[PDB]
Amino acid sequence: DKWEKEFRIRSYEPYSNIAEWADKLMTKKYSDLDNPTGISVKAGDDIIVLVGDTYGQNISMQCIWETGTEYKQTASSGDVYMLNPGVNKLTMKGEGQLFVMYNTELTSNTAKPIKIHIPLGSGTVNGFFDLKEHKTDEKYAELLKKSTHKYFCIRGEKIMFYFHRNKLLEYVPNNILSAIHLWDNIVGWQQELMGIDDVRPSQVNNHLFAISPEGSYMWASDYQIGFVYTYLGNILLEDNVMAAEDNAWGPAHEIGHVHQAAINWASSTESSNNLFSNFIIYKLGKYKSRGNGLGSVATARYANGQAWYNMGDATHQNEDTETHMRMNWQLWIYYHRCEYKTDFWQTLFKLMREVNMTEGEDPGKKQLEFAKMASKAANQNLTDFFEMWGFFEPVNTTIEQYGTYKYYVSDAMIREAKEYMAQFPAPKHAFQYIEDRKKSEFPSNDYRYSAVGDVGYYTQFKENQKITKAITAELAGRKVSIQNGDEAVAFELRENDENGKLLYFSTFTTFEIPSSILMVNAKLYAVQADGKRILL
């Protein structure tokens, strides 16, 4: 049959080396299971493999099956059989599906497809579905029907699925294109921010590989990402992925953990990956962004005297991810959504890969390398943004987040960072006050309704709105009421004058000043989008 031949006789394309690129790109390891054969085996099977010209390349065959004591899951490795040009005869130490391991430097003129024939009689043809080669749902459906193994492999452009046959048949017996295009796009959108088009796919072309463990929930790790087999209806059906906000968030967040290291430092590990989560949500086009309002920052910084590392986490027991995740996102909203620098994040990723600091080696140092590199990437002095976000508080402590780390930010380190950042021109806007949400977008029962404030929506920045009205303020007790201030982007309490230190801020047009704020010498300013402060 032509079905057997399609899998028994194939050309296997070269893929890059995963360890090399995980180091270079500062990611968790991608998969090296890029090359299914679609042949399953049983323990003791004899397998003839005829191999063509290998062009000097060392290649091998790996048999992939299951691991785990508590419950079973597809393993990231298995029995490996060396291959040579010509005739090979393998005896399978165990059962599984075969993968050709052809990993090499892609730019070499020896990195050509290798032809490999596993003739009738050796193992069983299961098949797999290639997006580029097979193209149609009708062919997917046909291949899935003819398959027999526990697991069936679907190879997209950027992600693969290696899921339980019975689950695919249960949710997607006749169609895969919608599913595989969606998940390729989710991966591709994360890669888009990382600014790696110079090297992907020319030098790096490995896939992410999604397995369906028989336990846990969802996660991403070196080699594989996992979604429990009971959860696949919420992966394989786009309508289900889109049915609630969380259904794209969770998986996008887990994939983000693969990609976050360049920009991440301990204290930030469960928020920095939400740059990716929020970008996925944005690209999917249905739901508004996630995170607290800027009020949470004001409270942490100015009411409670917190820095970045302990923002919203006084007792030092859990990162405040809902507050922290707004920081990277505000940089995306301003530079990307407002189009002030549409390659800002790609530039910043590149610079952080140059900085090349692990997440834990020196988080206080890394926090300041991030502020410096953000300034360099924007070609703007982001002192005020990083000040609001707590980056210029001195710190001398330890933290715990997937390990204990010494957190040390010295006055000198602070001084050096500000000096470095002062080489760039003043920012064009006070976008530390930016939002991509407004109150009218949410029902009153949604956390964002009461959190997002009144002013500072991104259009005020993109259109460079000016304050033209007769803006006034009244103080009654600790209550500030602003009149005619809807054109401003925020309201600030500052010491002595507009160049004095910030005491408090709000993006609400009515707000209570905390008891802890020191009000002697304090003046109230409306902030214009471009940074002008107007005494009220």
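Note that residue numbering begins at 1 and tracks the sequence as displayed.
- Relative to one another, 144 to 152 and 247 to 255 have unequal mean CA B-factors, and 144 to 152 is the one with the higher figure.
- Judged by mean Cα B factor in the deposited record, 132 to 140 ranks above the other of 132 to 140 and 370 to 378.
- In this entry, the residue among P363, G188, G403, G285 with the greatest C-alpha B factor is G403.
- Within the group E322, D454, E157, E463, the record's highest C-alpha temperature factor is found at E463.
- In the PDB entry, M82 places in the highest third of its chain by CA B-factor.
- In the PDB entry, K479 places in the middle third of its chain by CA B-factor.
- Annotation for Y55: CA B-factor lies in the highest third of the chain's modelled residues.
- Ranked against the other modelled residues of its chain, the C-alpha B-factor of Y525 as given in the entry falls in the highest third.
- Placement of the Cα temperature factor of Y171 within the chain: highest third of the modelled residues, per the deposited record.
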